[PDB]
Every structure is written in structure tokens, then in C-alpha cells.
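Next up: the same protein chain in two forms, each one alone, written as C-alpha cells (structure 1, then structure 2).
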Structure 1
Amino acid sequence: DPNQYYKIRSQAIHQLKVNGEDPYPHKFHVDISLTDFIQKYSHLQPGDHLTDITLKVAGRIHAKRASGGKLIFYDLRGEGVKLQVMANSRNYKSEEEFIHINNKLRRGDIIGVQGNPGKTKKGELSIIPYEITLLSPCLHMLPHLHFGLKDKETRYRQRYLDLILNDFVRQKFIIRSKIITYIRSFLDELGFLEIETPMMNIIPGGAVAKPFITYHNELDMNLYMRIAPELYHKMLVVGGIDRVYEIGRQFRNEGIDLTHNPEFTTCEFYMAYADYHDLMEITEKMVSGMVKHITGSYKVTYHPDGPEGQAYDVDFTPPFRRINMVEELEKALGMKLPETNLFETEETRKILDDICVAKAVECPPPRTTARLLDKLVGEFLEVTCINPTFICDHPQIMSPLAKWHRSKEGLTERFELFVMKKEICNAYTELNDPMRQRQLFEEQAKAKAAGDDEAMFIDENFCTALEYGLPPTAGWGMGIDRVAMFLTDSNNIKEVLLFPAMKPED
């Protein structure tokens, strides 16, 4: 059964292990990386042989071309770079050792090559080995798939196979790590302090998002995973540390979409004695420097519908577009929206429903004032911001978790940074009034409470912290994955996730 490669390879390796041959050596002394080898010994003329120079390199064989019984060509691939290995028995230790070592090497094997650098007569950089050492054989078949692997299921289930075959995934992960490093550097230079808040809190709190209930055996009580570190950061700000940040993981037991994952990484910082107006400039510097540093140009090309789909050229020039959504929505709808003062009344709800019907906007059967307005915004506002765009104060009906506007009435102070019709940043001015916060929590607990349950959906511990006095601060949150998607021309969150969640094959 020649096709049954796994059984044959396993038998061969078992025979090697039995017959006094170790196919898993403990240590191989690598002297130079493949990248440095390519960068250094590139000036050689074709048909050169640096006999005096001897180095050691290691990598995975990706091809085994046999031009004869004494000349076999290998293709080491490591560090995302490739190096040919022209194996000539004349330059080997001995003919018998040459045959013995070439009878075991197959595609996908990991070897340690010790030989002189050189170039072939066709001007291809290679290394003429003096002793090939088998490091870790590959038992399963490695497919010679051109244009790389293109099956989503195998690419996401077997990430190692995707990294071995495809080469751009390594670039994607490298770019994500740089993004994280750049955010850390910027925030640390601004004077912020990195913190590690608990990820397993004690009570659900007032969060419409479904939590991840977890049972603690010793405590004999349920624990809920962290949805957002908002409360702990603000309790730290009360303590005296006026600038904190944390790039951690969030857990939301919700659905999975192209841009939504149950577990995701976000960066959240809180700075005292500031506001969202003071934060748009910081966000501008953040994003502009990120795009300029990770890439080489402020302009980024994005494909929201795959490589064959429509291409969009976003521009990250630092002066991002700022729009107040009330005026922009009025202009788009071409009508005078009710004054923000009446927004809590029923006639504004009625008239907004009239806009939804007239302008052909869909909405679920529940049609509260915040949600249909959010629908109008989705189809008449963000749908046009290919470039980064700041949306200014939003109606208080959206989210009352922000302070009242200084000049405008009934307008929460917030902004959302929209890129490619998707929000990446979101910052608020902070409510530091204990009474208003208590009323908000009470309302959230009443909404979240399934029955006559209270406190469980509130954070009295936090409500006590605000009673001690919190300075006027401003929060800020960015989705790391939602930015890595745009900076890597990725339209799916699973492409930037290292090991995406997959149901068992069974």
C-alpha cells in the first residue's frame, strides 16, 4: 500500500529506532539563521564554492529533486525564507553515508545541514552539505499544493499546516504582535500604567451581554468571567493612579460573525482630568502612527469581499474627519430631526418610525427609541466612512453611561472611530456622580433581572468607590482584532485569531 504513507513511515522510523539509530537528536548546534545566511552569502558569483567556510543551518525540507544517483537537491524553508541544499556525494563525507542519509530524507522532514556555502551554475544560492543530520521526521504526507492551501476548514483546524504551507499567515501574526507592541509603547510613553484586573469577577453586574458562568469548587458558588474591565479601572483611578491601561481578553457568550468572536482582545485605558475632546487627538496620533509604522504608507488597501471583490483605498492622514451625528443625520435624511430635548418622548419615537418606514429601513418588531435610531445611523451615517471618521456626541437614548453635554442638552459625550464601516475605537467621558450612577445601575439591574432579583446585577462595591470621589476622567476602548483585520487586508476575524474555536469533528 504505497498510498498509505503514514504506516510505511512509522514502520521505517520504528526500524530506525530499533536499529541503533536515533531519529530525534536532543540538540543541534545551529550557527546561523537562514535569513542571515541569505543576506550574507548573496554576493557570490554563480558556480562558486566557499570550501573554507563551514556553517550549520536547520529547516524543513519542502522539495526533493533528484538529478541523479549522486546529486539530490533539497529546499530548506524556515524563517519564511528558502535555501537550496545541493547534495553532492563527491563533497560528502563518504558515498555510503551519502546513500544512507539520502534514503531516509523525505519531503517535510526537519534536518540539520552542515556544509559550505556556494552557488550553482544557474546562480541559485545553496549550501553544499558535509553531514546531513535528521532532526525530526515528518510521518504524515505533506501535500505539494501550489498557490498555497486554500481550504478554510483545514487552515483553521490545523494552524501548523497553514503556517507550513502558506507564508502570509506568519506576516499577519507578526503584524498583530507589532500592533500590540506599538500600543504598549505609546501608552507607556504617555505615562500610563499597565494593570491586570481580575478576569473572574464575583457577580454578573448590569451587562445585557451573556456571561460565561463558571463554578468554583472550593467557594461552592458560581463565578462569571470578565465582560469589561471598566469597573476595576475606575476603582483604581479613585485610588490615585490617574492613568491606567490594560490589553486583556474579554469574554462575551454571544454569536460568532465575521467581525465578532466570543473571546477577543481589547485595549482599555482611563485617564483622569480629561474628556473625549482631549481623547480624539490621542486616538488620531495612535492610529496614524500605527499605520505609518506597521506599514510604509498612510494609505492601506482593503478588500471587504475577498481578493476578487471590490478594493477600497483607505487613507490614514492624521486629520481624521469629525462629524456630529445629529447634524449629519439631519442632512442625510434631509429633514429636521426632533430637538434632543424631546427625544425621551413618544412623538419622537413615532416620527422616527415614520422615517424608518419612508426611508426603507428594517427593524425588529421591538422598536424602542434607541434601536431604530441606531438603525438609521447604520444605513445613513457609517455606511459612507471608508476613511477613518470620528462620530461626535450620540443621543442619550443610545447609552446613558456618559456625562451630560456641557452645552447641548440630552446628548451623551462620546465618540466612535469608524474605519471601513466598522468601529474600532470607542471613548466616553466618565460619569462620576454617585447618585446618577446608582440610578443607572438600578435601572440596568431591573432590566437585566429575570424576576425579583436585585444587587446581583449591581456592583455595590463599585458604587461605594464612587462615593469616595472619582475625578473627571475619560475611558477609551479599541478592538485589537478589528484593527488587525484592517491592517492585514483580512475580512474574517478567524484569520487573525491564532487558534480559532472549532467544533469537534467527531
Structure 2
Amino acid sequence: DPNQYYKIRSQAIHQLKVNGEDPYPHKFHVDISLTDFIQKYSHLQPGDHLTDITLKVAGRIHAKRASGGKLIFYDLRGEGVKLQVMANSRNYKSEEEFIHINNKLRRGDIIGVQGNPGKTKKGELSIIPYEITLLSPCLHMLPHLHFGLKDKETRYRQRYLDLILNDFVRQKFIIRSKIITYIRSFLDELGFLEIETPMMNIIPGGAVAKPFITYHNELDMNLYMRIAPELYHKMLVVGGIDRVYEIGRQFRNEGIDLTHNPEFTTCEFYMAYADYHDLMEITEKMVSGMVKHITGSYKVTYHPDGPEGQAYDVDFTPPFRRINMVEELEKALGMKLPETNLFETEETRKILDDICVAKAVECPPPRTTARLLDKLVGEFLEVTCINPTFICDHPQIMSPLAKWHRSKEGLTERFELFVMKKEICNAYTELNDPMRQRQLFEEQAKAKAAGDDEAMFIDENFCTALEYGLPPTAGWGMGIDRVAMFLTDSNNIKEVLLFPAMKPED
């Protein structure tokens, strides 16, 4: 019964509390963890009893078998590993205490065992208890579901239940933490300095992404949540710290879907006296080392549409394949499109749209050249990016805050890393020209951010900082969630998030 069981258990616990039987002791001394116990006392043979050694462990019961009136088998489960407890009356303190403690213990209870190691006749590492102490009773029902919980609605809304019933989520979160730690260690070894930029920006920014508007009553003014720490990192680089990095949280006021969250974690770093070609090797080394360290090898098997779908085997050998966008795109399209310098020309946009219509592709109602190309590169180039692949310089239309090409015309010095036909690493070459940056900010604000409103989306403080002299520097960004999904074989962003945002019920 869903309701009657809770009421009965609550009444029993209240009765225990009434007659001087506390079910919530303040302290229990866990001498040894379950993992250490299993590692140490696994050398025992079947049917042994190490009566000399007595240790204290604690854990949550996951099963209760009644082989008789005086023999009860519990299954403690902690640290992701199980351990059987064989409660026998003859080895307990007393028969009365044995039958008293066994009555009050059920599945899911948090208990503390104090006993001697050994094994049964069949052979299993078990601790024969001398005195079982209840630590935290479980009032609610714990279902005994084989193969784990499968309803993908209480797994995300009740994460503790998912951790209790399912065991792979702990491995997923451990892998995510290990990824974060590896990134921190690598960037610290390279000499970077970890920083913490403000999350409450006065100016929202000329970005398309909707900001989370917040009101400050003491200063009676509107604060906008952080979208990217880019401007503050570049300000610090102007200040003198040539290498900065930050693995922080960015908030976006967009919808919630399979692979999108209102808040997410991104690792962003900026290094001075470098460029995208300099960061290509760094990204290669970091990604290959992370794949080799988290897993056991460079090979990773991913299921983009669940286990029942197609399994893709990617190889993370350090020599990633590098393809330049325009030379590869023209080949993939099958025809050579007009030169890059004709980006602004309407004729190039019309002919490119003719190509898209000829190849039967779909484009957003805005028919700008940026949309057409981003669609062309996303459905003829990244499709062949099953293995990790570097996409080179992109036209100046898409990336505003990237310097022009060293030799080519109208090409931003930037690169992207595509794995599993998805974008994980983006790296630009910072624009240190104050006049060009000012013009770009003004035009970006006037275009969409301030199309029919006040032109305040420009950051005068950042332009003033750039006026003081920014060294030739290069940035790099990483979406930690995407890498976590790729390394944990997860096709949902909610599988790698501890408490993902969900639509409220009722």
C-alpha cells in the first residue's frame, strides 16, 4: 500500500520515540568503509568465521531474506557496492535482543552493524553481526525493481531515488567530476590562473541569448545574469594576467529541451600572444588526454539514440583530422561558391540560396548568408565528423568578435572541434582593435539587441579597457555538459545534471 505503509511506519517510529527508543542516534563510529572491508577480507574461504576481528560498518538495507526464525540475511549497500549481513541468533548478544531488533528493521533502513567477518557455506563475504544499531529508519516505500528504475520522470525529479535504485548514475557523476578535475589540472599545469568573474552584469550585452532579468532593491536597478565571462576575461588580460581560465556557470533564458538547460557549466580560457592555430594543439592534447584518462583507451562507443539504436565507435588518436571550411564545403556541395570577399554581396547570397534549394535543405525564415552557410556546413560537413575533427576558419558573417584572417579575406581566425556530430570546443582570435570593436558592438546592438529601443547594450567600460591596449590574445570555450554526455554514453543533458530543471506538475 502506497499510503498505509507510510502511516504504519510513522506510527511505529513515533511509538519507538515515545518509550525511550531513539531511532536517530547522534553518532555512529564507522571503523571501516564497505569498500575497504571487501578489499581486505575477500581472501577468506567459504564457511569461515573470523571471530577475533570485530568491526563497525554502516549502510542501507536493500533486501531481507528470512531463512528461519533465527537466521536473517540483509544486504547492506554503500559506496556503490553491496555486502551481505548474516544475522544469526547464536552469535548475537541475546535471543530477545535479536528478535527485538529484527522486527523493527525493514528494507531501505539505514543501520549500523558491529560484527565479525566471514563467509557462508555457499561462499560470500558477510559480516556476522554482534549488535545491529538502527541509525535512520525509512518511512516511505522502496520498490524492489529488478533491472533498476526505468520511469524517466521520477529519476530526474527525485535524484536520490535514482541514486538508491540505479548504480550507473553515480558513475556518470564521478566521470563528470573527473572531467572537471582533469581540465583544472591541465590548465593549471599550463600556468593558467583560475578567476571568478561577476555573475551580475550591469549591461545585458549585445548577445542574441535572452538574459535573466533580476531586480536589486537596495540599488533599485536591473541586473542581468552572466551569459559569458568573455568581457571580464579580456579586461583581466588587458590588466596584465596573460593567461586566465574559469570553469563557471552561464544562465540562458531559453526553453528546456533534450539537450538544453537554463543554467549550464562552461570552461572558458584566454591566453595572450597566441592564436587559433596555437590553441589547436592544446585542444588536441587536452581532449585526447581526457579521453585516455577517464576511459581505458582512446576508443569510445556512443549511442546517439539509446542502446537500441546505432552504436558509433570513435577514436581519439591525437592526430585529429583538420579540414578547412570553404575548401571542404565547396567539395561537399559539389560546386565552387563565390569567393569569400564577396560575403556582403547579395549575388553571393542569392546563388548560395539557389544551391540550398537545389540540394533540398531547410533554412529559417531569415534568408541571410549566415543562415544558408551554417545550414550547409551543418548538414554536409559536420555529418562526416563522426570522429573528432577540426573545422578551420569561418566567414566573418557569423563570428563578430574574431580577427580577420592573416592572408585570406573576410575569414575569421577561428576553429571548432566536432565529435559525435556535435560542437564541443570553440576558439576565436580576439579582436584588439578599439575602433573596429566599437563599430561591431554598435552595429550588433542596433541590429537586433536595440532595433527599436535605446542603444545602451554597448559596453563603454570594455571599450575603454580595450583602448588601453589588449595584447594579441586568443580565447577558448568548452561545454562541459556535452563532453560529459559523450563520455558517459548519455543522449540527454538531464542524465549528467544532478538536479535538472523540470516543468512543475499540477
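Residue numbering: structure 1 sequence, from 1. Heads up, when I say rigid core I mean the largest set of C-alphas that superpose within 1.5 Å between the two forms.
In a core superposition between structures 1 and 2, the Cα of 449 is the only one among 53, 32, 63, 449 shifting by 2 Å or more. Here the rigid core is superposed, and residue 400 then shows its C-alpha moved by 2.4 angstrom between structures 1 and 2. Here the two forms are laid over each other by their core, and the C-alpha of residue 322 is off by 0.5 Å between structures 1 and 2. Here residue 205 exhibits a Cα shift of 1.6 Å between structures 1 and 2, evaluated on the superposed rigid core.
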